[PDB]
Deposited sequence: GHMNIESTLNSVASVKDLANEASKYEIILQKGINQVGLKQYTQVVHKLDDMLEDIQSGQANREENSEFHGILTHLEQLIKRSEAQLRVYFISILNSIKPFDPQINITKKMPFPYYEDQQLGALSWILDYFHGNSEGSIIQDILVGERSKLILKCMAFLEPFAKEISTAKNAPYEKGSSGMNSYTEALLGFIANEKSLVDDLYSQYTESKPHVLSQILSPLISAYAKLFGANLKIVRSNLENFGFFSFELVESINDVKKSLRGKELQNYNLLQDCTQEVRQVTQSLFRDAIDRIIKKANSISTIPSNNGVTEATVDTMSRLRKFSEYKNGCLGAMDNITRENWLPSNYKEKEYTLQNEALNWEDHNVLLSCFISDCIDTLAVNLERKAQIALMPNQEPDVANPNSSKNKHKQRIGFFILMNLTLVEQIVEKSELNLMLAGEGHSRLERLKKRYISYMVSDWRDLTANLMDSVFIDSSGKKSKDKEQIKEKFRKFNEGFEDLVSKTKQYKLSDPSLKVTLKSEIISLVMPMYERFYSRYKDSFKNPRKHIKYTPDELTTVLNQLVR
């Protein structure tokens, strides 16, 4: 009753009665009642120590001290037992079955909290906290152990991540459930439990990031680290430095993924020094589109990758403007479209460069220039590039690429095609220019009556016309829209001029039919047969 004035004999008797109660065990006594009895002993011990130094006094002091020690050890056993009521399990099952992870019942949470408070109340806060942390991190590590082995969208890194997100979320609920709302050590406790899990994640993450020797997997890894980082937002964490390192590293890889595609095209387009005799689709083109085709299957990744990765991050050091068809540069859609368009531009120009070197080994290539007089093979080179761009457009039209190029992209591709359509029409422009010049040079005084000089003008045109008709037959386009355009442009250039030329000089002869090989209608027939 009143410890300060009670005899050691009476206090001893009281302590003996408390030991009998405690001897029954926590469940029989009731947890709160049990800690209450230990408090009585603790307070009794304190009250009598604040008494003669004899064996009687020393005896009760030791008895109280040891009985308290044994009882508290039982509290720890009980604490650890409740924590281990949840056994390790394979998370993949819960995920597949769409069931929540196991969680302590409310009454168990109550008991856990009561014991934490008991020990925080008795200068053993760090001790019981280390036990809590130790038991939880061991359990979770065993669960994640089931996914560790197995770690598009087929990788085991996905599940491992999803599992980790559930554990991070559930440990947060646990700590919030176990302590008072503003308890200072909450973030620390959660950190100590989650950090080991993080280290384990970051290591496995580095493994895949190293196993990079196909490559688009990086997009799924970026998604992984992002999900983990956002789940850890607003949370104290000693390992956060690891995630950051992982982030900055995976970003180097995804960014290089784009720069690499460009360099890959430049290398492939220049690998084979010669051009196909039929001037058809090359493996560089086949490869380049398959690659872009795969890029388009990861719309989300590519777009996300567009954050802080300018156009100069994937283009060659001193790229040349004239070699591109580029005429908000912030959002990911415009940026990604530019990349695809830049890739197709690179393919076309590099195939052109190689073609020029192949047909004119000694000349410096002058690409993207339909008016190059130095380029004596524009018709063939134009055809060659268009045959490849034909496959390029087909693969765009049948994939996500079509939607990604929406607007700007398609217009750039049209600009690309017109350049090479222009290459094919260029030789015809020379023909008509030559004819026009011959007329001008001969029309400054009176109207010519020089029959010989006039026939010569028709003769030279006939030779130029026939030579071009012959060569044009060597290039057969497959795409109907390209053929229609080529047909329109050649006829539009040649016929109006020839009709005027023929009309201007036909009456220089008594019977034109005898000195002029083609009437406009005859010329028209030749051209129509050529264009068909």
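Practice problem: Could you name the stretches of the deposited sequence that have no C-alpha atoms in this structure? | Solution: In sequence order, the gaps with no modelled C-alpha are 1-7, 58-61, 163-174, 237-241, 356-359.
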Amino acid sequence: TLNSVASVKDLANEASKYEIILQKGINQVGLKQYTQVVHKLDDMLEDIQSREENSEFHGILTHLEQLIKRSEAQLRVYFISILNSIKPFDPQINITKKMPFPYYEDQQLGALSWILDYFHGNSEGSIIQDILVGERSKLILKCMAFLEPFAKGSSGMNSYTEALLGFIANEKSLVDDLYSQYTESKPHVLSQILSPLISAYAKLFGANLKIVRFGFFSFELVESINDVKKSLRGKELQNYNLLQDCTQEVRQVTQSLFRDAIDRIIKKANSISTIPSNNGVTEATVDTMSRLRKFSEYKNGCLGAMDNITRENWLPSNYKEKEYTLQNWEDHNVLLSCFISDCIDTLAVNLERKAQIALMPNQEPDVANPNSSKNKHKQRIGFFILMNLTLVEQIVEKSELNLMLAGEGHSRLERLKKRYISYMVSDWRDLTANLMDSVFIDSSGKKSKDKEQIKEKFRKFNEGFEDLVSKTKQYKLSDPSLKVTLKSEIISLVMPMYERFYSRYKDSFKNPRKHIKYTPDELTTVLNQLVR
From here on, numbers count along this sequence of modelled residues.
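Quiz item: Out of 169-177 and 142-150, which one has CA B-factors that are higher on average in the deposited record?
Solution: That would be 142-150.
Quiz item: On average, which has the higher Cα B-factor in the deposited entry, 128-136 or 387-395?
Solution: Comparing averages over the C-alpha atoms only gives 387-395.
Quiz item: Highest CA temperature factor in the entry: which of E452, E72, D117, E400?
Solution: Within the set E452, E72, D117, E400, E400 shows the top C-alpha B-factor.
Practice problem: From the list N350, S422, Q107, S155, select the residue with the highest C-alpha B factor recorded in the entry. | Solution: Highest CA B-factor of the listed options: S155.
Practice problem: Compare the C-alpha B factor of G206 with those of the other modelled residues in its chain, then answer lowest, middle or highest third. | Solution: Within its chain, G206 is a highest-third residue by C-alpha B-factor, going by the deposited values.
Quiz item: Looking at the C-alpha B-factor of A6, is it in the lowest, middle or highest third of its chain?
Solution: Answer is middle: the recorded C-alpha B-factor places it there.
Quiz prompt | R233 CA temperature factor, ranked by third within the chain | solution = For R233, whose C-alpha B-factor we compare with every modelled residue in the chain, the answer is the highest third.
Self-check item: Third of chain Cα B-factors occupied by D427
Solution: For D427, the deposited C-alpha B-factor lands in the lowest third.
Quiz prompt | Third of the chain's Cα B-factor distribution that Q529 belongs to, per the entry | solution = Highest third.
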